[PDB]
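Two versions of one and the same chain are coming, encoded as structure tokens; call them structure 1 and structure 2.
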Structure 1
């Protein structure tokens, strides 16, 4: 639509393309359609989802109450403009808030400010511009000036994607001043009008996209059960798991980085859960934390991935090896997970990336190396079937859940189902696979 395709290093783009142009897909669709689908895929990654979704902390508050409070907050943020919020029928702890589509109306100003790619993503997510994120600004820029903000997606500022207009809180002199970090540019007229939930009901809400919220529902944890979250940072799926069990049971959260673990404890504390035990521990060494084999009722592997399905995302300054180095780690963590899983237990493997190597190929690898594992259907089903290319039958592909960022054309801004459709299809790149363990080991 308005934004260019996601900015990737030619090598990386060629890698992804190699992954999305396997002979199976080319056989199933033809080369032209494969190419077009890949290009549209790269084109939809730059644009924000039509819906921002939030998870209600049902352990402390009801969905209706929080919905009303959010209605109030929204009619506060947008100067009396009230926008609808929808409770997802299948994911009833999830609220959907529509983002206002491409404003092709906003005309640019003379005073300009240029920001980084990540800062641009933040702006597209509904955040404001802060002084450290500004790399360039027009001279004679004063506080209160109406300025146009551009994103340097190629990272060539010591080419410019227009993000919208705002008012300056600082002057050029003040911006490039010697560390005012809490101010910068208030986005008053952005292209995408997404709201900010960074200080709105800290104990009742959690900013979490739809598939990530779907993960825990698919896992389907029950009260009294023992659950393991191998890679639990920052703790969204962990707290969700605890909340689904009404904080009754035990959820072990594991992470390798200390600070992230402290973040997990912080989030668990904010949402009032107590059945969570967080540990700074390497998930690859989890087997005897460490814990005895087959001691967990359910295990979630929200695996570390290339994350090439996140939206919005205007650029990725990554090497090819960085992108392609996830598979061995994922397989180690997966092995640990299988070893720690109880007989007739459930293992869920999830990623927020779009590559074959980190999704379908891992499912094939898992079903080959572990005869004790059996692929299972998922409820609810929200996303499309698995992508062809890893040598999986149609039945196996229909039991996986893959979210395609480019499945519908990019929206522009309705009925209930008309919004639910957008929230379900126009989403981020995500992958979910479900396994049950048949015998012991």
Structure 2
């Protein structure tokens, strides 16, 4: 629709192209088709998902209660607009709010501000512009000025700059609450509101300080993962890469906080964020540790990690990935070496996971990337190296089947869940479109028009 394709390095785009145009897909579909599929994918990745999906913290509040509170909240924020809040029939603890946009009738103001690419993506998903996000602003900007926010998708703007000839993307207009002086004079690492978005291209609710103990903003497949893992109350669960602990706290909430959930991560601050989230949402079965997942298997002779092999009931490998499935992702200035730099680490973490998994246990491997090398290929590799593992069907089944290329069978591909951004056309949700929308169309939209994601389920013998 409104945005161009995702700006990739030629080498990177040709890499992904090599991925989606392999012998198998070409055979089953033909080059003329697969190419358009790939291009459509690249065209969709630049645009936000058409649904704001929020997870309800069932361990503190019910879905109904939270839904009503969010109805009041949306009534407040949107000044009396009428957007619905659907409840997913398959994901019981997930609420869905449709995204209104894009709006092409936004009049660009002369007073401008430039945020980081990440902050831009956040704004497109309904966030305001907080002070640490602004990297550039008009030198004559005062608090209260109606300004136009642009996203530095290339990340080539040097902080403090009064002008920028690089690549900008209009995100919408908002009222400023700081002057350029207040932001860039001296060095105050100040926090708070910088730009209150009043006219965004995509209209979505702001989830900053609203129902912090009841809500958790989370993409549909990410919430789906914990459901697929299917943890039972009283079991022992371990996710090697947990931070900031969305899927962790979800797992804990599914177990009614009755059991043991061990969460690991390499970076300290991230682990602290896990703990903060757990304490916030009221989960007490969560125990977080700063630790290298690859070195989590006990070897030397001595409750904390490392752990003895086959000592966990279920294991979730939410492995680190290229993040190519991220939406909206307008530009990626990465090297190819950087993009494919994850396969070895993923494999190490996988091996460590399998070693730590009890027999008849469940191992869920999940990424938010679209590359074959990090998804289906890893599944084939895993099924080869570990013959004790066996691919399992998943519930609920929401995403598409696995992509051909790794040499798996159709029966094997059907047991995988791959979310494809190019599944459905980009819906230009308007109020008139809202009024005339069948519910099943909205649900199919939420299920299909989502970020890139991949889920695989394994059982040990």
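Rigid core (definition): largest C-alpha set, two forms, superposition within 1.5 Å. Residue numbers count along the first chain shown, from 1.
- Core-superposed comparison between structure 1 and structure 2: the CA of residue 358 stays below a 2 Å shift.
- Put the two forms on the same core and the Cα of residue 300 is off by less than 2 Å between structure 1 and structure 2.
- As a two-part rigid-body motion between structure 1 and structure 2, the smaller part of the chain turns against the larger by 13°, taken from C-alpha fits.
- If you overlay the core, the Cα of residue 148 moves by 4.0 Å between structure 1 and structure 2.
- For residue 330, the CA shift between structure 1 and structure 2 after superposing the rigid core equals 0.2 Å.
- Aligning the rigid core between structure 1 and structure 2 leaves the CA of residue 136 offset by 5.9 Å.
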